[PDB]
Amino acid sequence: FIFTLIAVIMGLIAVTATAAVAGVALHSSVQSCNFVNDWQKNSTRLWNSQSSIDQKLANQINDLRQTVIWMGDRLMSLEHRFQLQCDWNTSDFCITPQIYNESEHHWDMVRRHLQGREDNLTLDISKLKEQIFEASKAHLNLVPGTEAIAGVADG
Amino acid sequence: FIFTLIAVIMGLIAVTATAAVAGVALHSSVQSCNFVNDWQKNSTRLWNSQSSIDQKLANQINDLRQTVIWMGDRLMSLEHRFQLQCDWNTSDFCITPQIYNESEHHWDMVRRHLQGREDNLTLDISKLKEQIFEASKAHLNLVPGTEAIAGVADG
Amino acid sequence: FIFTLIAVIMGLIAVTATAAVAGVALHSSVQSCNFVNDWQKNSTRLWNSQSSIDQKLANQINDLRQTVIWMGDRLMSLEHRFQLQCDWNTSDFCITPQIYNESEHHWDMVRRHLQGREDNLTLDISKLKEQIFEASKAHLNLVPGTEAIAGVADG
Amino acid sequence: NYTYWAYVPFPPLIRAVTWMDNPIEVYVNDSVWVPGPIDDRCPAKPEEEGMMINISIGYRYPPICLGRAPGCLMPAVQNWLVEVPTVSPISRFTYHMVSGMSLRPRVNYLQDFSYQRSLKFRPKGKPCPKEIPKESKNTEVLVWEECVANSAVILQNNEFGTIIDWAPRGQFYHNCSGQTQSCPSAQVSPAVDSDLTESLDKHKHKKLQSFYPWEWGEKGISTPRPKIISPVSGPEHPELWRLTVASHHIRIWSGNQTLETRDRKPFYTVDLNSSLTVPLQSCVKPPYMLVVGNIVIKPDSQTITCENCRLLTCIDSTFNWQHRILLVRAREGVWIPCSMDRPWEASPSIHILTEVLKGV
Amino acid sequence: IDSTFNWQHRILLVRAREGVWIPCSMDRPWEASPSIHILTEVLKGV
Ligand SMILES: *[C@@H]1O[C@H](CO)[C@@H](O[C@@H]2O[C@H](CO)[C@@H](O[C@@H]3O[C@H](CO[C@H]4O[C@H](CO)[C@@H](O)[C@H](O)[C@@H]4O)[C@@H](O)[C@H](O[C@H]4O[C@H](CO)[C@@H](O)[C@H](O)[C@@H]4O)[C@@H]3O)[C@H](O)[C@H]2NC(C)=O)[C@H](O)[C@H]1NC(C)=O
Ligand SMILES: *[C@@H]1O[C@H](CO[C@@H]2O[C@@H](C)[C@@H](O)[C@@H](O)[C@@H]2O)[C@@H](O[C@@H]2O[C@H](CO)[C@@H](O[C@@H]3O[C@H](CO)[C@@H](O)[C@H](O)[C@@H]3O)[C@H](O)[C@H]2NC(C)=O)[C@H](O)[C@H]1NC(C)=O
Ligand SMILES: *[C@@H]1O[C@H](CO[C@@H]2O[C@@H](C)[C@@H](O)[C@@H](O)[C@@H]2O)[C@@H](O[C@@H]2O[C@H](CO)[C@@H](O[C@@H]3O[C@H](CO)[C@@H](O)[C@H](O)[C@@H]3O)[C@H](O)[C@H]2NC(C)=O)[C@H](O)[C@H]1NC(C)=O
Ligand SMILES: *[C@@H]1O[C@H](CO[C@@H]2O[C@@H](C)[C@@H](O)[C@@H](O)[C@@H]2O)[C@@H](O[C@@H]2O[C@H](CO)[C@@H](O[C@@H]3O[C@H](CO)[C@@H](O)[C@H](O)[C@@H]3O)[C@H](O)[C@H]2NC(C)=O)[C@H](O)[C@H]1NC(C)=O
Ligand SMILES: *[C@@H]1O[C@H](CO)[C@@H](O[C@@H]2O[C@H](CO)[C@@H](O[C@@H]3O[C@H](CO)[C@@H](O)[C@H](O)[C@@H]3O)[C@H](O)[C@H]2NC(C)=O)[C@H](O)[C@H]1NC(C)=O
Ligand SMILES: *[C@@H]1O[C@H](CO)[C@@H](O[C@@H]2O[C@H](CO)[C@@H](O[C@@H]3O[C@H](CO)[C@@H](O)[C@H](O)[C@@H]3O)[C@H](O)[C@H]2NC(C)=O)[C@H](O)[C@H]1NC(C)=O
Ligand SMILES: *[C@@H]1O[C@H](CO)[C@@H](O[C@@H]2O[C@H](CO)[C@@H](O[C@@H]3O[C@H](CO)[C@@H](O)[C@H](O)[C@@H]3O)[C@H](O)[C@H]2NC(C)=O)[C@H](O)[C@H]1NC(C)=O
Ligand SMILES: *[C@@H]1O[C@H](CO)[C@@H](O[C@@H]2O[C@H](CO)[C@@H](O[C@@H]3O[C@H](CO)[C@@H](O)[C@H](O)[C@@H]3O)[C@H](O)[C@H]2NC(C)=O)[C@H](O)[C@H]1NC(C)=O
Ligand SMILES: *[C@@H]1O[C@H](CO)[C@@H](O[C@@H]2O[C@H](CO)[C@@H](O[C@@H]3O[C@H](CO)[C@@H](O)[C@H](O)[C@@H]3O)[C@H](O)[C@H]2NC(C)=O)[C@H](O)[C@H]1NC(C)=O
Ligand SMILES: *[C@@H]1O[C@H](CO)[C@@H](O[C@@H]2O[C@H](CO)[C@@H](O[C@@H]3O[C@H](CO)[C@@H](O)[C@H](O)[C@@H]3O)[C@H](O)[C@H]2NC(C)=O)[C@H](O)[C@H]1NC(C)=O
Ligand SMILES: *[C@@H]1O[C@H](CO)[C@@H](O[C@@H]2O[C@H](CO)[C@@H](O)[C@H](O)[C@H]2NC(C)=O)[C@H](O)[C@H]1NC(C)=O
Ligand SMILES: *[C@@H]1O[C@H](CO)[C@@H](O[C@@H]2O[C@H](CO)[C@@H](O)[C@H](O)[C@H]2NC(C)=O)[C@H](O)[C@H]1NC(C)=O
Ligand SMILES: *[C@@H]1O[C@H](CO)[C@@H](O[C@@H]2O[C@H](CO)[C@@H](O)[C@H](O)[C@H]2NC(C)=O)[C@H](O)[C@H]1NC(C)=O
Ligand SMILES: *[C@@H]1O[C@H](CO)[C@@H](O[C@@H]2O[C@H](CO)[C@@H](O)[C@H](O)[C@H]2NC(C)=O)[C@H](O)[C@H]1NC(C)=O
Ligand SMILES: *[C@@H]1O[C@H](CO)[C@@H](O)[C@H](O)[C@H]1NC(C)=O
Ligand SMILES: *[C@@H]1O[C@H](CO)[C@@H](O)[C@H](O)[C@H]1NC(C)=O
Ligand SMILES: *[C@@H]1O[C@H](CO)[C@@H](O)[C@H](O)[C@H]1NC(C)=O
Ligand SMILES: *[C@@H]1O[C@H](CO)[C@@H](O)[C@H](O)[C@H]1NC(C)=O
């Protein structure tokens with residue numbers, strides 16, 4: 001939960017500041033998944049390249065409450081990620097088979113969620129996660145579509 | 001480890017009470033996998049739809065022992081789930097390729113395990129997990145069977 | 001993080017001592033992945049067969065710092081494994097598509113890493129993990145090679 | 001095109017640390033004068049410090065900000081005094097004082113600029129001593145110990161929330177109970193902000209002279225532990241003072257109180273002199289960072305905005321208090337729609353069969 | 001619990017249970033992937 005990263009291409013500061021310019025367009029409208037991929041690419045690399053917990057700093061911690069709460073969030077996030085159904089061509093992040101409606105989730109709610117708000121005008125994550133769970137079953141998505149089977153079976 | 005779930009279809013009480021009727025049949029004999037799927041469907045949906053840890057309740061915790069023990073159980077379970085081999089058609093829970101014997105595991109032991117017992121007449125989970133581990137290797141199960149290969153190769 | 005394993009084929013002492021003879025050859029040169037598989041086989045089986053946390057021993061723990069540090073390392077290891085690209089035929093451990101160079105990583109660095117060192121002559125895991133992350137994308141490895149596609153379309 | 005919901009576990013976003021968070025770790029590089037945790041190393045990426053960024057984020061609970069702006073806690077000098085009784089007729093005490101940048105209490109403008117006090121939410125803990133210890137030991141070593149004051153000081157009381165602190169604050173005063181009407185009731189601070197900035201090599205002298213003996217109160221070598229009590233109740237944050245104390249040098253004083261006679265009446269003089277300052281460094285570690293600049297907090301919309309702020313990890317004496325400091329952390333996973341040029345697929349199995357047919 | 005509680009009843013403290021193992025019956029043998037299932041669909045559409 002605490003790491004000293006000397007030999008990495010980019011630190012946390014450079015990752016945050018360099019991506020902020022592309023984050024302006026991400027807050028305004030829907031981008032392509034290639035745009036999203038390039039925006040989170042360096043952040044994902046940094047959080048997959050830490051070696052071990054810095055023992056010199058970790059053994060000095062007195063109050064463990066903030067660390068345990070942080071670890072509970074990461075454990076909960078990993079449990080949910082293990083259950084998600086993702087497109088094969090992207091591995092840095094998960095693209096679910098749930099179609100964006102824009103009549104149920106207007107962009108203002110998405111923009112509020114991207115800013116870290118939790119008011120009643122923000123996108124409701126718990127409600128969204130329930131819809132995605134009951135639409136990403138392996139018996140509805142793993143088998144390719146009817147047109148796809150007939151598309152390649154020509155020859 | 002602590003969540004406030006207001007915007008969910010069902011709470012923990014409704015999930016537990018509604019499933020108890022089907023749990024009577026589950027304790028008596030082997031059921032089909034569709035019966036098992038319908039029994040755990042709402043519980044799995046609930047535990048995949050929490051958004052974030054309630055900070056108002058989390059920052060008040062004084063003794064962290066019970067929370068850390070609970071998180072250690074969750075981490076151990078997630079580590080074991082990552083190693084399991086599961087049938088492609090069911091994603092809510094994992095169906096292993098290990099065949100139930102009933103000459104080694106009588107149903108009384110299974111019923112005692114479902115009730116939450118740990119006496120010497122209960123199913124031995126550590127012994128069972130070793131058996132499943134050394135029979136679910138990717139080099140023994142990933143490649144379809146000889147009959148399946150010959151079955152589709154007719155045309 | 002604390003388990004009492006009576007009903008297992010091998011304990012931690014037997015796993016460590018029995019594998020030490022094959023660990024001598026592992027420290028001297030590159031071995032085949034089958035040799036590596038047989039070396040770690042019993043250790044992986046033991047760490048996938050624990051049933052539950054021993055509550056009699058867990059409720060007595062006073063200082064939680066060491067336990068939380070151990071769980072943080074386990075959680076970070078699981079997060080990194082979730083994004084690793086592995087060969088299909090080996091499931092006990094992960095073989096990445098990153099080719100060993102031996103002009104960038106001399107065997108002396110690998111041997112020092114296997115002994116548990118962290119000096120400046122040791123293999124740099126953070127640097128290595130960044131190379132593996134940037135070369136194991138799904139859009140570079142999931143689709144089989146050009147010769148493999150042409151090597152099967154003969155019939 | 002086909003737009004789908006995507007989950008990004010590690011976005012390059014940040015969120016503000018709030019008063020409802022539990023305390024975080026701030027590392028100082030000098031363990032002689034300041035308690036732990038200690039880290040003497042420089043930041044891992046010294047060439048990344050001060051990278052510019054524009055920030056426009058929201059919050060649910062009031063963010064933790066330091067500086068001179070609405071919603072941020074003002075810094076000011078605090079003094080800690082060690083009193084050693086002296087068995088002599090001329091000199092009654094010897095003093096060892098430490099001055100550093102700390103959190104500023106709100107001022108009672110109704111009275112002679114006393115501190116605004118509160119008695120709500122008194123915490124469990126050892127009370128502050130009302131009497132000077134009679135057994136001095138290791139005067140060269142300063143011992144920091146948590147202490148609960150008789151009353152809390154108010155650091156903020158406005159539309160951004162109410163922040164109170166139960167750690168003691170020390171000043172020089174006169175008892176004035178049982179005395180004639182000439183006993184002054186004003187509190188005196190021995191060191192001011194300019195004592196930490198204007199000169200560092202120059203010797204500093206402070207002289208306090210009056211007809212009444214000088215008392216130090218409230219006693220206790222204890223650091224601020226602020227907490228929000230309105231509109232939400234959060235935990236104490238004993239690490240915020242570590243950030244402000246590194247923004248300036250800390251000054252170390254020595255001196256005494258002596259008794260003489262003036263106009264045939266007793267006269268008490270407190271002399272304090274300093275020729276020593278210590279520079280400090282305070283840092284946070286990933287996933288935590290500091291945002292430094294013209295930070296604006298708007299509570300009506302619950303928005304934090306800044307143009308041309310810099311991202312930092314460490315605070316030292318080069319810091320300029322015309323800027324504010326906002327504590328931030330790397331954000332958790334987010335959900336966002338993104339569009340594709342083809343429909344969602346689970347596997348490339350059908351894709352693979354396409355090149356087999358075309359290969360033939 | 002509030003003051004409407006009746007002490008002719010008892011209170012037992014419970015928690016949601018951890019994972020369990022259960023025998024399960026299927027109508028066809030265990031499969032790892034639908035790859036054979038996909039190839040059958042292709043040949044039946046030709
Ligand atoms: C915790 O971290 C803090 C913050 O980094 C450290 O504080 C630094 O402490 C050092 C050493 O005490 C300070 O350096 C001192 O500065 C003075 C001169 O430097 C100025 O002038 C030169 C000349 O151009 C400039 O290059 C420089 O930038 C400064 O403007 C002197 O007091 C000292 O000089 C000593 O060394 C030189 C040799 O280089 C001799 O000629 C002198 O006689 C004398 O011996 C010294 O260089 C530094 O300024 C502090 N940094 C700040 C305030 O930001 C703490 O030391 C550290 N604490 C630990 C590790 O315990
Ligand atoms: C995209 O979303 C729209 C609108 O979604 C609506 O607003 C959201 C914020 C949520 O509250 C949603 O629950 C809510 O529906 C969907 O269109 C909606 O479809 C429903 C279901 O068909 C319509 O309800 C109808 O209502 C009456 C009975 O109450 C009858 O006419 C019907 O039987 C039906 O139930 C609802 O009116 C309709 N809303 C609008 C504005 O048209 C839409 O289905 C969805 N797109 C998808 C799923 O592709
Ligand atoms: C289903 O399980 C039965 C019974 O399992 C037995 O009871 C369990 C509670 C465990 O303790 C098991 O270890 C135990 O075997 C299996 O049948 C058993 O097969 C073994 C191995 O073939 C038989 O052991 C034999 O014993 C002697 C030497 O000791 C020789 O005849 C043989 O060389 C052989 O080792 C055992 O007798 C047999 N038990 C019964 C009651 O038939 C069964 O294999 C299993 N079904 C499977 C795997 O499909
Ligand atoms: C296996 O590794 C070798 C050597 O790797 C070298 O040593 C390691 C410890 C690391 O520090 C590496 O970064 C370092 O390169 C690789 O061979 C090296 O390839 C690079 C890139 O082609 C060569 O750099 C060249 O340098 C100059 C400009 O500086 C120009 O000639 C070229 O433009 C090029 O950049 C480097 O000289 C070369 N080193 C040696 C000893 O040959 C090698 O590529 C790698 N094998 C792979 C990837 O298959
Ligand atoms: C993520 O990190 C990568 C590096 O790992 C960043 O890409 C790098 O961006 C810089 C700045 O644009 C590129 O430099 C460019 O080079 C030439 C001249 O040398 C010219 O095109 C430009 O003037 C610029 O200097 C650099 O090549 C590039 N490196 C790559 C692609 O490997 C990227 O910006 C980071 N992205 C985010 C969102 O943080
Ligand atoms: C899986 O994802 C990969 C990586 O994004 C996709 O490959 C990308 O394919 C697009 C479409 O052809 C390429 O864009 C085009 O490339 C050239 C550049 O000269 C040019 O024709 C166009 O200007 C356009 O940019 C893109 O370069 C390519 N990316 C990489 C890294 O190879 C791939 O198509 C995806 N597979 C699917 C959807 O099945
Ligand atoms: C899991 O939760 C689901 C809902 O998410 C529950 O299914 C629901 O069950 C009720 C009760 O059987 C169904 O109501 C029925 O509707 C009509 C009304 O005319 C009629 O068939 C019955 O009289 C009954 O009222 C409801 O439709 C159904 N919802 C669905 C299928 O979406 C389910 O019972 C829960 N299961 C467990 C094990 O907890
Ligand atoms: C993968 O799992 C799915 C979901 O359980 C399986 O689909 C299910 O297939 C069965 C067998 O055909 C269906 O049951 C039958 O359906 C109709 C209902 O009118 C009728 O012929 C019978 O009374 C019987 O109930 C079931 O409805 C269907 N479920 C869904 C949700 O579509 C699928 O077969 C599995 N794929 C495999 C095993 O390869
Ligand atoms: C990992 O654990 C396995 C057991 O789960 C160990 O394999 C066992 O090794 C012993 C000693 O080589 C084998 O005994 C041998 O059996 C035959 C006669 O039956 C003969 O070759 C020798 O005289 C000897 O008695 C035993 O069969 C074998 N068990 C198996 C294969 O199930 C293995 O050594 C352990 N490896 C490590 C690296 O810890
Ligand atoms: C996936 O991994 C499995 C398990 O390691 C591989 O099966 C192994 O295949 C090799 C090569 O044929 C077998 O070695 C040969 O076996 C017999 C022993 O009498 C003999 O022909 C040779 O002397 C040689 O040793 C090995 O026995 C076999 N292992 C098992 C457990 O069945 C399989 O080839 C791998 N699949 C790939 C790489 O596609
Ligand atoms: C933050 O926003 C400011 C103000 O919009 C940006 O400053 C502008 O930068 C552009 C070039 O990037 C100049 O052409 C403008 O003159 C600047 N000032 C304006 C528009 O008032 C700044 O670039 C942004 N980004 C940072 C600091 O990273
Ligand atoms: C000031 O000195 C007095 C003694 O003259 C200290 O003791 C207080 O005396 C008054 C007057 O008799 C009593 O009402 C108080 O109850 C006494 N206090 C205690 C704790 O015994 C008094 O504490 C001194 N005040 C300060 C602020 O130091
Ligand atoms: C109390 O402190 C004052 C101030 O430090 C002392 O006066 C100093 O005495 C030393 C030693 O002779 C001189 O070098 C300084 O110049 C004096 N300073 C001033 C401002 O006059 C004083 O002696 C101390 N009294 C004691 C210890 O009884
Ligand atoms: C305050 O002044 C006193 C003297 O009045 C200083 O104490 C002397 O310091 C010098 C230089 O280090 C020593 O050589 C002397 O032995 C000290 N004592 C006396 C009696 O002269 C004291 O260091 C000053 N305080 C501070 C904090 O700088
Ligand atoms: C959100 O809550 C506020 C509470 O004042 C209310 O005024 C507002 O209408 C709500 N907005 C919704 C439900 O969209
Ligand atoms: C379980 O242990 C009890 C201990 O009293 C013993 O009587 C009983 O026979 C045991 N049952 C087994 C080993 O199946
Ligand atoms: C490792 O560090 C030591 C420090 O004494 C140095 O002598 C040695 O050359 C270094 N080795 C490297 C960088 O390979
Ligand atoms: C899809 O294309 C339409 C038509 O050009 C465009 O309006 C819409 O924004 C696109 N959807 C995205 C980018 O999510």
# chains A, B, ... in the order shown; residues from 1 in each chain; ligands from 1

$ select_by_dssp --residues "chain E" --states "helix (DSSP H, G or I)" --output "PyMOL selection string"
chain E and resi 35-45

$ write_last_selection --atoms "N, CA, C and O atoms" --output "short mmCIF file (atom, residue, chain, number, x, y, z; two decimals), in the first residue's frame"
data_model
loop_
_atom_site.label_atom_id
_atom_site.label_comp_id
_atom_site.auth_asym_id
_atom_site.auth_seq_id
_atom_site.Cartn_x
_atom_site.Cartn_y
_atom_site.Cartn_z
N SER E 35 -15.75 -23.40 -28.17
CA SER E 35 -15.11 -23.46 -29.49
C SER E 35 -15.70 -24.56 -30.36
O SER E 35 -15.98 -24.33 -31.55
N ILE E 36 -15.90 -25.75 -29.81
CA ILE E 36 -16.56 -26.81 -30.57
C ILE E 36 -18.02 -26.44 -30.84
O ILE E 36 -18.55 -26.71 -31.93
N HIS E 37 -18.68 -25.81 -29.87
CA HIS E 37 -20.06 -25.38 -30.06
C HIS E 37 -20.16 -24.37 -31.20
O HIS E 37 -21.14 -24.38 -31.96
N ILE E 38 -19.16 -23.50 -31.34
CA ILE E 38 -19.16 -22.52 -32.42
C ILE E 38 -18.97 -23.20 -33.77
O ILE E 38 -19.66 -22.88 -34.74
N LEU E 39 -18.03 -24.16 -33.85
CA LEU E 39 -17.79 -24.86 -35.11
C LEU E 39 -19.02 -25.65 -35.56
O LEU E 39 -19.26 -25.77 -36.77
N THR E 40 -19.79 -26.19 -34.62
CA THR E 40 -21.02 -26.88 -34.98
C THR E 40 -22.03 -25.91 -35.59
O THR E 40 -22.72 -26.25 -36.55
N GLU E 41 -22.11 -24.69 -35.05
CA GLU E 41 -23.03 -23.70 -35.60
C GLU E 41 -22.64 -23.28 -37.01
O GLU E 41 -23.52 -23.05 -37.85
N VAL E 42 -21.34 -23.17 -37.29
CA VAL E 42 -20.89 -22.79 -38.62
C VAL E 42 -21.27 -23.87 -39.64
O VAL E 42 -21.78 -23.56 -40.72
N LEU E 43 -21.04 -25.14 -39.30
CA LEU E 43 -21.31 -26.22 -40.23
C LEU E 43 -22.81 -26.44 -40.45
O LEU E 43 -23.19 -26.95 -41.51
N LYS E 44 -23.65 -26.09 -39.48
CA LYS E 44 -25.09 -26.25 -39.62
C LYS E 44 -25.74 -25.12 -40.41
O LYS E 44 -26.89 -25.26 -40.83
N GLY E 45 -25.04 -24.01 -40.63
CA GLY E 45 -25.59 -22.90 -41.38
C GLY E 45 -25.21 -22.92 -42.84
O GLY E 45 -25.78 -22.18 -43.65
#

$ residues_near_ligand --ligand "ligand 14" --cutoff "10 Å" --atoms "only C-alpha atoms and all ligand atoms" --output "VMD selection string"
chain D and resid 95 to 98 203 to 205 251 to 256 271 to 277

$ write_last_selection --atoms "N, CA, C and O atoms" --output "compact mmCIF listing (two decimals), in the first residue's frame"
# COMPACT_ATOMS: atom_id res chain seq x y z
N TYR D 95 14.54 28.32 30.50
CA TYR D 95 13.59 27.99 29.45
C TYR D 95 14.29 27.37 28.25
O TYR D 95 15.41 27.75 27.91
N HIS D 96 13.60 26.43 27.61
CA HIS D 96 13.95 25.94 26.28
C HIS D 96 12.69 26.00 25.43
O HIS D 96 11.71 25.32 25.73
N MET D 97 12.72 26.82 24.39
CA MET D 97 11.54 27.08 23.58
C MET D 97 11.78 26.69 22.13
O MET D 97 12.88 26.88 21.60
N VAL D 98 10.74 26.16 21.49
CA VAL D 98 10.75 25.81 20.08
C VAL D 98 9.62 26.57 19.39
O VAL D 98 8.48 26.55 19.86
N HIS D 203 21.13 36.96 15.36
CA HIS D 203 20.66 36.58 16.68
C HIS D 203 19.32 37.26 16.98
O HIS D 203 19.11 38.42 16.62
N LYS D 204 18.43 36.52 17.63
CA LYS D 204 17.12 37.03 18.00
C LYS D 204 17.03 37.12 19.52
O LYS D 204 17.46 36.22 20.23
N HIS D 205 16.47 38.23 20.00
CA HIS D 205 16.30 38.47 21.43
C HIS D 205 14.87 38.89 21.72
O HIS D 205 14.30 39.70 20.98
N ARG D 251 12.77 27.66 14.95
CA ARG D 251 13.70 28.41 15.78
C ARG D 251 13.75 27.83 17.18
O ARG D 251 12.70 27.51 17.76
N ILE D 252 14.95 27.68 17.72
CA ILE D 252 15.18 27.15 19.06
C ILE D 252 15.68 28.28 19.94
O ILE D 252 16.63 28.98 19.58
N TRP D 253 15.04 28.45 21.09
CA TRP D 253 15.36 29.53 22.02
C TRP D 253 15.85 28.97 23.34
O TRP D 253 15.55 27.83 23.71
N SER D 254 16.59 29.80 24.07
CA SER D 254 16.93 29.53 25.46
C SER D 254 16.83 30.83 26.23
O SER D 254 16.92 31.92 25.66
N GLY D 255 16.63 30.72 27.54
CA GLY D 255 16.53 31.91 28.36
C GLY D 255 16.12 31.58 29.78
O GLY D 255 16.21 30.43 30.21
N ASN D 256 15.67 32.60 30.49
CA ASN D 256 15.38 32.49 31.92
C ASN D 256 14.39 33.58 32.31
O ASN D 256 14.15 34.53 31.56
N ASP D 271 13.85 36.77 29.58
CA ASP D 271 14.77 36.94 28.47
C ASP D 271 14.82 35.65 27.66
O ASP D 271 14.97 34.57 28.23
N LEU D 272 14.68 35.78 26.35
CA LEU D 272 14.82 34.66 25.42
C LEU D 272 15.74 35.08 24.29
O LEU D 272 15.56 36.16 23.71
N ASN D 273 16.71 34.24 23.97
CA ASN D 273 17.63 34.49 22.87
C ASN D 273 17.76 33.25 22.01
O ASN D 273 17.67 32.12 22.50
N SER D 274 17.98 33.47 20.72
CA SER D 274 18.10 32.37 19.76
C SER D 274 19.19 32.68 18.75
O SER D 274 19.30 33.79 18.24
N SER D 275 20.01 31.66 18.46
CA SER D 275 20.96 31.73 17.36
C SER D 275 20.93 30.45 16.53
O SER D 275 21.87 30.19 15.77
N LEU D 276 19.88 29.64 16.66
CA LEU D 276 19.81 28.34 16.00
C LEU D 276 18.48 28.19 15.27
O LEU D 276 17.42 28.41 15.86
N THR D 277 18.55 27.82 14.00
CA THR D 277 17.38 27.43 13.22
C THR D 277 17.67 26.12 12.51
O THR D 277 18.81 25.85 12.12

$ residues_near_ligand --ligand "ligand 9" --cutoff "6 Å" --atoms "only C-alpha atoms and all ligand atoms" --output "PyMOL selection string"
chain C and resi 15+18-19+39+42

$ write_last_selection --atoms "N, CA, C and O atoms" --output "mmCIF file, in the first residue's frame"
data_model
loop_
_atom_site.group_PDB
_atom_site.id
_atom_site.type_symbol
_atom_site.label_atom_id
_atom_site.label_comp_id
_atom_site.auth_asym_id
_atom_site.auth_seq_id
_atom_site.Cartn_x
_atom_site.Cartn_y
_atom_site.Cartn_z
ATOM 1 N N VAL C 15 7.323 -29.282 1.862
ATOM 2 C CA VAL C 15 7.407 -28.625 0.560
ATOM 3 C C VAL C 15 8.762 -27.950 0.390
ATOM 4 O O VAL C 15 9.430 -28.110 -0.638
ATOM 5 N N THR C 18 11.830 -30.702 0.337
ATOM 6 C CA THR C 18 11.866 -31.628 -0.790
ATOM 7 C C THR C 18 12.222 -30.920 -2.093
ATOM 8 O O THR C 18 12.856 -31.517 -2.970
ATOM 9 N N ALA C 19 11.840 -29.653 -2.236
ATOM 10 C CA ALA C 19 12.122 -28.902 -3.449
ATOM 11 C C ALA C 19 13.522 -28.304 -3.479
ATOM 12 O O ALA C 19 13.948 -27.828 -4.535
ATOM 13 N N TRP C 39 8.979 -28.354 -10.088
ATOM 14 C CA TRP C 39 9.631 -27.812 -8.902
ATOM 15 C C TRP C 39 8.635 -27.102 -7.989
ATOM 16 O O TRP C 39 8.715 -27.225 -6.761
ATOM 17 N N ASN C 42 4.126 -28.831 -5.756
ATOM 18 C CA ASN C 42 3.578 -29.088 -4.430
ATOM 19 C C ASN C 42 3.354 -27.809 -3.639
ATOM 20 O O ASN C 42 2.439 -27.752 -2.812
#

$ closest_atom_pairs --of "chain B" --to "ligand 7" --cutoff "9 Å" --atoms "only C-alpha atoms and all ligand atoms" --output "JSON lines"
{"residue": "B:9", "atom": "CA", "partner": "ligand 7", "partner_atom_place_in_ligand_line": "5 (O)", "distance": 7.0}
{"residue": "B:10", "atom": "CA", "partner": "ligand 7", "partner_atom_place_in_ligand_line": "2 (O)", "distance": 7.4}
{"residue": "B:14", "atom": "CA", "partner": "ligand 7", "partner_atom_place_in_ligand_line": "39 (O)", "distance": 7.2}
{"residue": "B:15", "atom": "CA", "partner": "ligand 7", "partner_atom_place_in_ligand_line": "39 (O)", "distance": 5.2}
{"residue": "B:16", "atom": "CA", "partner": "ligand 7", "partner_atom_place_in_ligand_line": "39 (O)", "distance": 7.2}
{"residue": "B:17", "atom": "CA", "partner": "ligand 7", "partner_atom_place_in_ligand_line": "39 (O)", "distance": 7.3}
{"residue": "B:18", "atom": "CA", "partner": "ligand 7", "partner_atom_place_in_ligand_line": "39 (O)", "distance": 4.2}
{"residue": "B:19", "atom": "CA", "partner": "ligand 7", "partner_atom_place_in_ligand_line": "38 (C)", "distance": 4.0}
{"residue": "B:20", "atom": "CA", "partner": "ligand 7", "partner_atom_place_in_ligand_line": "38 (C)", "distance": 7.6}
{"residue": "B:21", "atom": "CA", "partner": "ligand 7", "partner_atom_place_in_ligand_line": "38 (C)", "distance": 7.9}
{"residue": "B:22", "atom": "CA", "partner": "ligand 7", "partner_atom_place_in_ligand_line": "38 (C)", "distance": 6.8}
{"residue": "B:23", "atom": "CA", "partner": "ligand 7", "partner_atom_place_in_ligand_line": "38 (C)", "distance": 8.8}
{"residue": "B:38", "atom": "CA", "partner": "ligand 7", "partner_atom_place_in_ligand_line": "38 (C)", "distance": 6.1}
{"residue": "B:39", "atom": "CA", "partner": "ligand 7", "partner_atom_place_in_ligand_line": "38 (C)", "distance": 4.6}
{"residue": "B:40", "atom": "CA", "partner": "ligand 7", "partner_atom_place_in_ligand_line": "38 (C)", "distance": 6.6}
{"residue": "B:41", "atom": "CA", "partner": "ligand 7", "partner_atom_place_in_ligand_line": "1 (C)", "distance": 6.6}
{"residue": "B:42", "atom": "CA", "partner": "ligand 7", "partner_atom_place_in_ligand_line": "1 (C)", "distance": 4.9}
{"residue": "B:43", "atom": "CA", "partner": "ligand 7", "partner_atom_place_in_ligand_line": "39 (O)", "distance": 7.6}
